[PDB]
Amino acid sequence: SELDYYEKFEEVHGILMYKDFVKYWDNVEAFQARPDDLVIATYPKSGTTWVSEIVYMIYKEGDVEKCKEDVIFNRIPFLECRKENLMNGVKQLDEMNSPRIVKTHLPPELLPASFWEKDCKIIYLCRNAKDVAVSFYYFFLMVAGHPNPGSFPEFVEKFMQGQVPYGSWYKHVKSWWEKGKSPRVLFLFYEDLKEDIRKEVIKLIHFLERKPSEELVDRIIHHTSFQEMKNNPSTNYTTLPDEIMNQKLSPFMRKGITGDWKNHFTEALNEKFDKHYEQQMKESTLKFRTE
């Protein structure tokens, strides 16, 4: 188990990471941004796919046909991702026509310097830690390249210690929260998109300097709803073989709610998690909602 984690993950810049990504990290380090690049940054399982498709629709002015020209992981490359010669974020971005949309899970300190130098806009999305933990747990189960996460309480213990890919959720959100004070960084909450999607969609349109209209806004809302994205082969990862993502164990578009932690955390695990959480987050103005 601890052996299993050792075979699967390695630290880069002090951050635990998928071994396959780390082998070619120089390519990520030296990545060349363009001024009009748009970065979408999230801790894993925080709703990256959701905000990505919303952003893509705003770029394509709500043209759904244009959003299905290829699967989402080809339309919006995963920056640091690398599967030897099978998948390559940096390569996919290099060959791309601008404007590029870049997916990443990196904490601000690990983001390639070029993005900061060229002052690229960044959208950061976060989600309450308990729901993230649940989603990440099933992800470990479904996706190749992860160790056996064991029981859920055992996994949550690794989560609390930041011993999962991309490290501590606590440090991630807190570091990005500081960056969010910049005008170039828009800080969003998964729970806010659940609560009032129209409000956040209009917020996104204004941030990307586009014109808001009811028709465009309406098209984004139903196109990016959970049920639609779950049924969309462009966005639900079902074009991937089971040996890579086995959605028969658990679909990528799993439940899409806030509060699934209530269905997994025991009373004791919740008490332990909450206590640890208060200590990690006490000195921060960042406040989440678990419901």
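Start at 1 and count along the sequence shown; that's the residue number.
For the pair 242 to 250 and 221 to 229, the mean Cα B-factor is higher in 242 to 250. Just going by the entry, 49 to 57 versus 23 to 31 on mean CA temperature factor gives the higher value to 23 to 31. The residue among 104, 128, 114, 85 whose C-alpha atom has the highest B-factor in the PDB entry is 85. The PDB entry assigns its highest CA temperature factor, among 183, 167, 108, 89, to 183. Sort the chain's modelled residues by C-alpha temperature factor and residue 209 lands in the highest third, per the entry. In the deposited entry, the Cα temperature factor of residue 162 sits in the bottom third of values across the chain's modelled residues.
Placement of the Cα temperature factor of residue 80 within the chain: lowest third of the modelled residues, per the deposited record. The entry lists a Cα temperature factor for residue 62 that places it in the highest third of the chain's modelled residues.
Among all modelled residues in this chain, the alpha-carbon of residue 178 has a temperature factor (C-alpha) in the highest third.
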